[PDB]
Amino acid sequence: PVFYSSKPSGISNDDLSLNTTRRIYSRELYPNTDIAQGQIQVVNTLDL
Amino acid sequence: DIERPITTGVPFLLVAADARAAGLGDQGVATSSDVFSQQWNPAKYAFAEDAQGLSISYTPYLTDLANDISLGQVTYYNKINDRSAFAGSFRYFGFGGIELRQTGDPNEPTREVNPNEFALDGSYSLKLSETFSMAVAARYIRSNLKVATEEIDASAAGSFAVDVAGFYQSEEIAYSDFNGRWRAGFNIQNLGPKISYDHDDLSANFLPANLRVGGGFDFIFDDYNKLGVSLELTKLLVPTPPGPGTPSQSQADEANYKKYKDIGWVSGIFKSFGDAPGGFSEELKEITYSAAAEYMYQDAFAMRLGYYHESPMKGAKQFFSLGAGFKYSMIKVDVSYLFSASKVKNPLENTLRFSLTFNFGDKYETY
Amino acid sequence: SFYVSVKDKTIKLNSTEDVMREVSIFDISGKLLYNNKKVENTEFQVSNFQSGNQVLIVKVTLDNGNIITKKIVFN
Amino acid sequence: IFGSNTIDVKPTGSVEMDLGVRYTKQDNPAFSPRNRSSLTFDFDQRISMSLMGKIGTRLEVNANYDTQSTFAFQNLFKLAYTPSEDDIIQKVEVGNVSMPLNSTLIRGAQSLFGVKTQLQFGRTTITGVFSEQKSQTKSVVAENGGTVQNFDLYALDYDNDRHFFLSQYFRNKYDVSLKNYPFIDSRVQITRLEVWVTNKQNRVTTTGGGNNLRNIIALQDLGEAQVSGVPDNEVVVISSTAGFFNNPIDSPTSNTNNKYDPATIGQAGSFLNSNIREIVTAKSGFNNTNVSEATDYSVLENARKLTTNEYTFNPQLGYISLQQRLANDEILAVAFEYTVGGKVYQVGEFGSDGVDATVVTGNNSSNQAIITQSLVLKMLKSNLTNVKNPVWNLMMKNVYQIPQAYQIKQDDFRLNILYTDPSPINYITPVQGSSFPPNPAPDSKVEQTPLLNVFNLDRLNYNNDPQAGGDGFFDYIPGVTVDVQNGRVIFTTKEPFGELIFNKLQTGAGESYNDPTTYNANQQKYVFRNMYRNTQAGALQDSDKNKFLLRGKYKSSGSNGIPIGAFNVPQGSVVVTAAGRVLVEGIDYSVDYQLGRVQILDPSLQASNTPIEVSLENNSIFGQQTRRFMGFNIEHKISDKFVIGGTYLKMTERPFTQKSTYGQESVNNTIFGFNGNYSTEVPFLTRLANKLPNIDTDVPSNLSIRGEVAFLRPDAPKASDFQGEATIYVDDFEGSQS
Amino acid sequence: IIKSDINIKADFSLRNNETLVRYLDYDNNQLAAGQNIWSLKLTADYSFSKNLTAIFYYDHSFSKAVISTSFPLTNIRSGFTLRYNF
Amino acid sequence: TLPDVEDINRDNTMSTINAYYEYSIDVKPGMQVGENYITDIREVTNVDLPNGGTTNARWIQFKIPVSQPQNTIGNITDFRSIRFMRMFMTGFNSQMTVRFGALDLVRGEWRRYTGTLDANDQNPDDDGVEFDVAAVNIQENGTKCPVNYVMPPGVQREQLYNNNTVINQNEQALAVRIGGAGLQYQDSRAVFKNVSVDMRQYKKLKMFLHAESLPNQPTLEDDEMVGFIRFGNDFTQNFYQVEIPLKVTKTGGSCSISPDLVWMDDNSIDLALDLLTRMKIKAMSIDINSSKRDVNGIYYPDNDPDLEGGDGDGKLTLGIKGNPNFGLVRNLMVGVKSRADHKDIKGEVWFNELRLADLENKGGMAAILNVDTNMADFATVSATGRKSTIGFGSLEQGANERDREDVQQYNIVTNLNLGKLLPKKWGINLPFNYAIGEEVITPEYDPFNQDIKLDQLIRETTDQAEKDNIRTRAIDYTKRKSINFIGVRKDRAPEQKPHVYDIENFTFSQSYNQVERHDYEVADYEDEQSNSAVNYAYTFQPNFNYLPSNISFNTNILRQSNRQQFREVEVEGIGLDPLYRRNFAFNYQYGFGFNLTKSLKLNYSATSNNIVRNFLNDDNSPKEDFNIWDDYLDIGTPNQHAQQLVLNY
Ligand SMILES: CCCCCCCCCCC(CCCCCCCCCC)(CO[C@H]1O[C@@H](CO)[C@H](O[C@@H]2O[C@@H](CO)[C@H](O)[C@@H](O)[C@@H]2O)[C@@H](O)[C@@H]1O)CO[C@H]1O[C@@H](CO)[C@H](O[C@@H]2O[C@@H](CO)[C@H](O)[C@@H](O)[C@@H]2O)[C@@H](O)[C@H]1O
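Residues numbered from 1 in each chain as written, not as in the entry; some residues may be left out. Chains lettered and ligands numbered in written order. Part of a larger assembly, values for the part shown. Heavy atoms only, no water.

For this deposition, the record names cryo-EM as the technique by which the model was determined and cites 2.2 Å as its resolution.

What follows is the structure in structure tokens.
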């Protein structure tokens, strides 16, 4: 999550917009699933 | 049931945090001035009878299931002149301490997490006229409910909000059978930038911007018996999310969600009035109301009755509330209970709220 | 005495000779996620998707009838 | 409205507040840098207040609030308003109230939160209540003190993965050795057992029996000789038994029985080389050809030895009972030693007689060679399950765990076997168009024979002496049919619902228990071969066989008094019924309310065996639906000795959602009824008593007549209604797919 | 105008644990378990009145890793606890 | 912080076996639902990106059935020991990123039924039928390609409050897919669940059904696939069968189909359980070898030419085989069957909201009469009479806990202070207790068949002997008698000197209990218990001292007699042979304490348990005509003798 929340040096906004690097939110994958406010709203994908 | 509820961040801010207001159907915008008058209407701190006060409030959650899950509140006020008052409050919701144990011997050093959410606010209330008062409040909100794991970052999310409130309290007016007193109040609450739970501007949630408007009347008989009747109206100042569709099939839903979520909080406040297919009659469906009655004996015993109605299409929180209050010398004790009238399980059912306030300092005469 | 451990989203109940009779696991919304009347001092596998919820309440009924409550973090 | 204007409600106790910061830093490098440390605010409240007092001599307050009180019912709040005796209103109560009823058919409720109002109109008194009920009604049945616990176990529900025969020899000796139980026709005495399991704990301590970690190789066929009635392929997995065995056929299990003898590893004609002692070269340690890594043997590197508190064993019948079942891929391996008279047999390798764990050659780490050597053990459970291998048959499937039974004793344990197709019948009938085998032996009768006799569980009387057709009761033998310490029941055959009933139903030699195509159509419906030849889940597919039911009860007394399964029971909620009559709370019994103990005081009832029913309210409940309790009670008084009543009660449960699943139903029941009470004094009875030979009494004689009628009108709440009809969901399929 | 005694209580603890497995025939001393915890608990009382008592507390705990399966852990709890008697 | 080890399951051991199942997935640009294990595709149209732009995205759901491996490596034949999972990628020629938004092993409560259901084929593990069971979610399958998942009409998502947030709960259906070669004409595939359900308090059984064709497969036509419920005590011998031909949802156009067309009311099961009762009563008259039965032995009333009205349901085909019981359903099966004769059909069927409806909420009544009298501190009588009908109960009792039986019960208890009939000078405590009572219980349901009401079964029998048998075997009768003389003793005079030989040192207790019963399981039951106890105790009040300090002694005659004659439920002609348990015992223990020296002390105690075996023959056979009072003052042979000596110096 450091790549998305506090961009380390050398990482740009383009590096985080690729469909291979971008943050996935649960609303995109599960638009009909309700998450309580303040709970985990991101899908932590396993990337190969 | 609940169709298209308003989604806001930190919804714990809208929970009644004191037994007195809870016993009156979760309303305080136009009741008599009290130590808890910061969540409801900070403007009536200028009408306090005592110079300063401190309150402790306890609202337990899931009492049958677990202990130490509760919403706690500490309030302090100090009216310095006959026209002005300072107040600071601290609402705290927490799950209690949870030990993160993965067996691995029964003497391992275990991390303890305390998922919690709190809002710290300070207000200044000033009496403009002899019957009217105003207040401004600044609030810091912090949400820290998630637990750190691998690939889950439990960094706290914060936001700031301001509140503008006004309180009207007339002088005693004699009638044919009683000498009553009128009250009115408004409170625009939680006006601030969106809270980013995941620390990303693309994924941010509206603060629960709220408008409370209410009025009250006090039936005063025999100069030591009071019957206080109060009404409150509340509207969220957040745009309603799109429903079935208002431009393929899911493309319309995604586009509607996109246009809803790209709305500023300032513009969202004005877009709350409307943004729905229905007219004014169906716009009233977004309004919650509460009616309350409070009987006062010697100003040291109170009996509180209240009804709260949220339109079942949104939220569906409908209940009756009972409350009692006792004042010994300088210490007031308040308890309240809720009887739900809705299909959805209220989390505060079968729960006794407890409030404790200390009043000290000088005493101010009421106009 | 009684301690609950969660390793890989697997919940394990460890009691020092206190024999348990029933386990109920509740979500913070008060929802029953898992009920087992055949506890065996063993590891329960609760469905791993809980819609972003992390905190669970474990309610353990012993044979004598006492109830032990533990709040855990589902990780 | 109140008698005076004085207010003396005074708080008592303390309030504690915590204002602080919590800081935590755990150096897990896998965590994100954003999770390096946690700085949270700490706020805690510790209210322990109490409120007692009066408001104007008419209002009474008794409140208590404790944030640290376990269970929320202990936070009491009671507001009692008692006006003058001349008023219509006699009492208004708000908060923790009770609605006690002097009725047997219509019970009141003690743990209520709401408003209770009492009115009086001359001679008619009306008590109304509207509240939420915080308690649940619980009933226990007691006979001779202790509570009765009924159990129901179908044949498929045996205690799996826990009980193991130590060898094929003991498994094939079991049935014949118990033919004349309690006499055991075997001289075997297991003197020493060492049990090894896969080490997943991986924790080194000096106190739990020490640190005895060893590399292990577990051989499936170790110590097995042939068996008279069983071909070699259900005794040993080895591909070819040519040259394998070297002792006579029916020899007792022993290392020297075959060519896997650890004592002869690599001598002249052994099937094992010295490579067998090494984990790395374990496969090459076999001289025979077709050897597989999970069939013929299994290996463990840091196998942990079980302490004596983790298992028990039957020294005569040669099986072991583990404390913790191995329901997973765990490996179980044993070495044991036993005596048959003056003869000693050993089947595995003990730590005392096995090869040393480590042999080191060389003098420093540059030239040193480490040889780590494995103990050779007998495999009781393999890494990978294969129900076709003989090791599968070592797991006992004739042991049933009585649920929550801990210290069962005779006279406090009943057990019966029934065939439920669908009703419970305690005998077996032949398939229509067929009959049971003709002229059976008395120990082989099936027709019109109680199932306890059919399954060889009742041949003894109460004193465990043989009785011709049994005494009708389960034979309770602490070393044979019951495990007293753990509350287990063990059948006298290894496959009671398989081979035993197959043999009792056999009509000719053409029928073979291992070939289901030869069954005689009575065996086709009654023989549950699959519960023994398949896993329990696999046996689920043979749905028509799981009809034999183990039913009974056991009494858990422990100490003095009836344990009513609840603590801090509300006062006045305990009802004790002996034989259809309600007992008196001060004469027939006494209640210790804190510990939940009911003590019977009537001497005749204690020595009676009459079942005693105990009803009570318990508020130690959680996850329950909100229950609304409302109603009124009318108590008109016709005369000083004649009172009639008018109770009406309603209880509504509020479902959590609109879908009520089966078992978690909601009720909307209504009950109403009428009661009459006529209590007179009869001096005629006193005069008649004074007419008796030596009686000169003067106490009065009373006559009391009580009648009641009740009507129950049940329903379900409208909230759990689908399309206007009361609905229970057998499966909405939301609970599938974990 | 307000006078009270301040009661200081400080408790320090340092515990070291070590499980070793030793081979007799070659140098193979295996570290199997361990613990290196130190904890400090400070408290400070002040009776503002007969009913009101203020206590300052400071708890600091550090656990060091002895074997790599355990992570170093720092736990610090500090604040004021106000207590009122009725 | 962990070292790298070649041991992944952390059992200290490195396995070298390579026996595993292979599954494979193609990764190629234009994959579609229905092939390559793809079950759903969710297209994302405009994703807001952190750089301010937008992108398309496509999420593909795969479901690889574990039971259908593409290949097997090594020697693995079942799924009982699956210890490792491996994923590997191959075939790609350049850098490839695959992101898993989810990756799960999914386990279901519903198990695929292996084994045959129709006797015509009898070879299930063949014919290349692909049979998959999964679930379809509103949360995961709202964009499913053949038909989007929607709730059945009237069904709503459950709503809960998580923490001041409204959470819509998931709504799910069971999905069954038939593929590969397809279903033969009379073949079926089904899933099953072991349950415990009592349906006797409800009038209707309901379930929603849906049918669709598989993509890239020949279209499924109406009334070719038959959905069925089979429930009872098993799936082969004792079950009800409820079948319905399925109308297929028309596919080919848009993916979004209205819920009324996804879940057609024509495909809904709405079964009155009274029809099941009628079918069972009718099938009572059908022989098991009759030609009116199917090849599987199922009796279908709709196929019975001599029966008018069929099964009473025009939409459902009802069948029954072997006396199932919906008062206790142990086995529940849903599945699909074929009716296309010269075809192999493929398709997908959804099952949803299997439920009981129409609660039978007629109540009941109870009446209680109590008479309590006392006769001048000499006699007390308490009489109780209770009567309750079917349907009565407590306020808290639910549908299956209320009384399913009529109860008639009385109880009389008398207490006599017979010691007051003698002069008070020499005071004797002689309390006499007499208790009698019986209860008669008539069940609502006949114990046989368990789900037909007793009255209806009696009406539909038309045979006097069978009617009488049915009526009498159902009665549950208990009679209790208790006679007690507990605590008989003589009190000391107001000023009397204790003596060792005094009768005041004795206590006597006599208890007698008798229970007679007959019910559905036992045709004749008698329990007799007699307890006679005599207690003695005397404390003496003031080479070495030989006068004992105290003497204790008590004797106990304990006789328990049980007679059990289990009933033959079919006919009341013979009955099983009665079984006798007899527990005639004679117990006595004595003790005395000495005080030989001011320092020395001796306590001695002995206990003896004797068993009386006068009721047995020379062989180990009980005597039927042996009374419990036969030889009451008989000391038997010793069974257990214990002694204890305590010496303090
Ligand atoms: C953001 C948090 C703010 C917190 C403010 C705390 C204020 C504490 C003051 C104690 C107090 C209030 C009761 C509070 C109890 C609630 C505690 C609940 C804890 C829940 C866990 C108790 O006074 C009452 O309580 C009794 C206690 O027994 C007293 O008895 C006696 O008590 C002792 C003689 O006081 C005897 O020694 C003891 O022998 C007796 O017994 C009585 O005198 C009296 O009834 C009296 O208040 C008074 O004290 C002065 C001192 O300077 C305060 O001056 C102000 O302080 C700042 C204002 O803070 C202002 O800025 C500042 O301008 C201004 O100078 C004022 O406050 C004033 O009015």
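## Describing the overall build of chain E
Looking only at helices and strands, chain E has 0 helices and 4 strands in total. Seen in sequence order, chain E has helices and strands lined up from the N terminus as β-β-β-β. Computed over the C-alpha atoms, the radius of gyration of chain E is 21 Å, more than 25% above the 12 Å expected from 2.2 N^0.38 for a compact globule of 86 residues. With respect to the three principal axes, the spread of C-alpha positions in chain E is 75 × 20 × 20 Å. With 86 residues in all, chain E has 24% of them scored as buried. Of all intrachain contacts in chain E linking residues separated by at least 6 positions in sequence, the fraction that spans at least 24 positions is 45%. A total accessible area of about 5,700 Å² is found for chain E, and carbon and sulfur atoms account for 54% of it. Distance from the positive charge centre (9 side chains) to the negative charge centre (7 side chains) of chain E: 13 Å. (Helix = DSSP H or I, 4+ residues; strand = E, 2+ residues; numbered from the N terminus. Rg over C-alpha atoms; globule rule 2.2 N^0.38 Å. Buried < 20%, exposed > 50% of the residue type's maximum accessible area, 1.4 Å probe, protein only. Contact = heavy atoms within 4.5 Å. Areas by Shrake-Rupley, 256 points an atom, 1.4 Å probe, with all protein chains shown as cover. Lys, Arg positive; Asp, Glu negative; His and termini not counted. Charge placed at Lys NZ, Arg CZ, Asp CG, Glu CD.)

## Concerning the pairing of strand β8 (residues 109–121) of chain D
Along any regular strand the residues' side chains alternate between the sheet's two faces. All names here are of chain D. In terms of strand pairing, strand β7 (residues 89–99) meets β8 through 9 bridges, oriented antiparallel. Paired with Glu93 across the bridge in β8 is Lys116. Pairing of β8 with strand β9 (residues 124–133), which is carried by 10 bridges, proceeds in the antiparallel orientation. Note on β9: the bridge partner recorded for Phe121 is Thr124. The antiparallel hairpin formed by β8 and β9 contains 2 residues in its connecting segment, where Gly122 sits at a positive phi of about 80 degrees. (Pairing = 2+ DSSP bridges.)

## Notes on the state of the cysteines
Residue and element names in this part refer to chain F. Under the criterion given, the structure shown has 0 disulfides over all chains. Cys145 carries a free sulfur, and the closest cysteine sulfur to it, the one in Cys255, is 4.5 Å from it. The class of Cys145 is partly exposed, set by a relative accessible area of 32%. A relative accessible area of 29% means that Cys255 is categorised as partly exposed. (Disulfide = S-S within 2.5 Å.)

## Overview of the interface of chain F and chain D
Taken together, the contacts link 143 residues of chain F with 130 residues of chain D. Here chain F and chain D share an interface that buries about 11,200 Å² over both sides, 50% of which is from carbon and sulfur atoms. For the chain F face of the interface with chain D, the top three residues by lost area are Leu395, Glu396 and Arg581 of chain F, together amounting to 8%. At the junction of chain F and chain D, the tally comes to 11 salt bridges. Between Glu521 of chain F and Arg551 of chain D there is a salt bridge, with its nearest N and O atoms 2.4 Å apart. Where chain F touches chain D, the interface holds 67 residue pairs in polar contact. Considering every element that reaches the side of chain F that touches chain D, the biggest residue donor is strand β19 (residues 364–375) of chain F, with 12 residues. By residue class, the composition of the side of chain F that touches chain D is 54 nonpolar, 52 polar and 37 charged. As judged from the 4 bridges shared by strand β41 (residues 725–731) of chain D and strand β18 (residues 345–359) of chain F, these two strands associate in the antiparallel manner. Residue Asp731 of chain D lies in a different strand from β18 of chain F, and its bridge partner there is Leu354 of chain F. (Buried area = accessible area lost by both parts, 1.4 Å probe. Salt bridge = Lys/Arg side-chain N within 4 Å of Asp/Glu carboxyl O. Polar contact = N/O pair within 3.5 Å; in protein donor to acceptor, adjacent residues only side chain to side chain. Nonpolar A, V, L, I, M, F, W, Y, C, P; charged D, E, K, R; others polar.)

## Overview of the pairing of strand β14 (residues 225–236) of chain B
Residues and elements named next belong to chain B. Note that strand β13 (residues 210–221) and β14 share 12 bridges and pair antiparallel. Each residue of the ladder has a partner; that of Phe217, found in β14, is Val229. Here β13 folds back onto β14 in antiparallel fashion, the turn holding 3 residues, of which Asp222 has a positive phi close to 60 degrees. By the bridge criterion, 11 bridges tie β14 to strand β15 (residues 287–297) in an arrangement that is antiparallel. Bridging from a neighbouring strand, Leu233 pairs with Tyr289 of β15.

## Some points on the arrangement of the chains
Contact analysis covers 13 pairs of chains in contact, and the most contacts occur between chains D and F. One thing to see here is that chain A and chain E don't touch, and their nearest C-alpha atoms sit 21 Å from each other. Chain E makes no contact with chain C, the minimum C-alpha separation between the two being 14 Å.

## What about the pattern of salt bridges?
Throughout the structure, instances matching the rule amount to 100 salt bridges over all chains. The salt bridge involving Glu353 of chain F is made with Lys659 of chain D; its shortest N-O contact spans 2.9 Å. A residue pair is termed interchain when its members come from two chains, as with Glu353 of chain F in strand β18 and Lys659 of chain D in the loop between β37 (648–654) and β38 (668–681). For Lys659 of chain D, a relative accessible area of 9% corresponds to the buried category. Its salt-bridge partner being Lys41 of chain E, residue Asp59 of chain E comes within 3.1 Å of it at the nearest N-O pair.

## A closer look at the site of the ligand
Residues in contact with the ligand amount to 16 residues; listed here are only the nearest, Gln52 and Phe360 of chain B together with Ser49, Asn51 and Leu82 of chain E. Those chains with residues close to the ligand are chains B, D and E. At 3.4 Å, a side-chain N or O of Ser49 of chain E approaches an oxygen atom of the ligand. Residue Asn51 of chain E places a side-chain N or O atom 2.9 Å away from an oxygen atom belonging to the ligand. For the ligand, whose free accessible area comes to 1,300 Å², the fraction covered by protein is 50%. Residue assignment for the shell around the ligand shows that the elements contributing at least two residues are β1 (50–60) and β19 (353–363) of chain B, β2 (14–26) of chain D together with β4 (73–85) of chain E. (Near = heavy atom within 4 Å.)

## Points about the nonpolar core
Residue and element names in this part refer to chain D. If you look at the biggest cluster of nonpolar residues, it comprises 101 residues, and the most contacted ones within it are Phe413, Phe497, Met531 and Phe548. Top element by residues in this core is strand β18 (residues 332–340). It accounts for 7 residues. Not counting the four nearest positions on each side in its chain, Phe497 is found in contact with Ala155, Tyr400, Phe455, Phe491, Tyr526, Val527, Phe528, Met531, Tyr532, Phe548 and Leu550. (Core = buried A, V, L, I, M, F, W, Y, C linked by side-chain atoms within 4.5 Å.)

## Brief notes about the environment of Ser94 of chain F
Along the chain, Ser94 of chain F turns up in the loop between β4 (71–73) and β5 (99–100). One polar contact links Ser94 of chain F to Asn93 of chain F, side chain to side chain, over a distance of 3.4 Å.

## A closer look at the sheet that holds β4 of chain E
Strand order in the open sheet formed by 6 strands is β3(D)-β2(D)-β4(E)-β3(E)-β2(E)-β1(E), with antiparallel pairing between adjacent strands. Each edge of the sheet is formed by a strand with only one pairing partner; in this case those strands are β3 (38–45) of chain D together with β1 (8–21) of chain E. Across the sheet, the axes of successive neighbouring strands diverge by a mean angle of 10 degrees, strand direction being ignored. Here strand β2 (residues 30–47) of chain E runs beside strand β3 (residues 52–64) of chain E; their pairing, made up of 12 bridges, is antiparallel. Directly across from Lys41 of chain E, in β3 of chain E, lies its bridge partner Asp59 of chain E. (Axes fitted to C-alpha atoms, helices over the stretch in contact; angles between N-to-C directions.)

## Considerations on the interface of chain B and chain C
On the chain C side, the residues contacting the 22 residues of chain B number 18 residues. At the boundary of chain B with chain C, total buried surface from both sides reaches about 1,600 Å², with 65% on carbon and sulfur atoms. Three residues stand out in chain B for area buried against chain C, namely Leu65, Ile98 and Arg101 of chain B, and they jointly supply 34% of the buried area on that side. Summed over the shared surface of chain B and chain C, the number is 0 salt bridges.

## A look at the packing of aromatic side chains
By convention here, two paired aromatic rings are described through the distance between centres and the angle between planes. Summed over all chains, the structure comprises 105 aromatic pairs over all chains. With a centroid separation of 5.7 Å and 15 degrees between ring planes, the pair formed by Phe151 of chain D and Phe413 of chain D is classed as stacked. One end of the pair, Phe151 of chain D, is in strand β11 (residues 147–154); the other, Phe413 of chain D, is in strand β24 (residues 413–420), and 262 residues separate them in sequence. Here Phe151 of chain D and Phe413 of chain D have matching classes, each one buried. On the basis of an interplanar angle of 70 degrees and a centroid distance of 5.5 Å, the ring pair of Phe592 of chain F and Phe594 of chain F is categorised as edge-to-face. Given the relative accessible area of 28%, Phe592 of chain F is considered partly exposed. Here a set of aromatic residues connected by ring pairs shows up, and it is made of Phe90, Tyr92, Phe118, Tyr140 and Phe160 of chain B together with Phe41 and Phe43 of chain D. A cation sits over an aromatic face here: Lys79 of chain B above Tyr364 of chain B, 4.5 Å from the ring centre. It is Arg517 of chain F that lies over the ring of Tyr525 of chain F; its NZ or CZ is 4.7 Å from the centre. (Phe/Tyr/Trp six-rings, centres within 6.5 Å; stacked < 30°, edge-to-face > 60°. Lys NZ or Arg CZ within 6 Å of the ring centre and 35° of its normal.)

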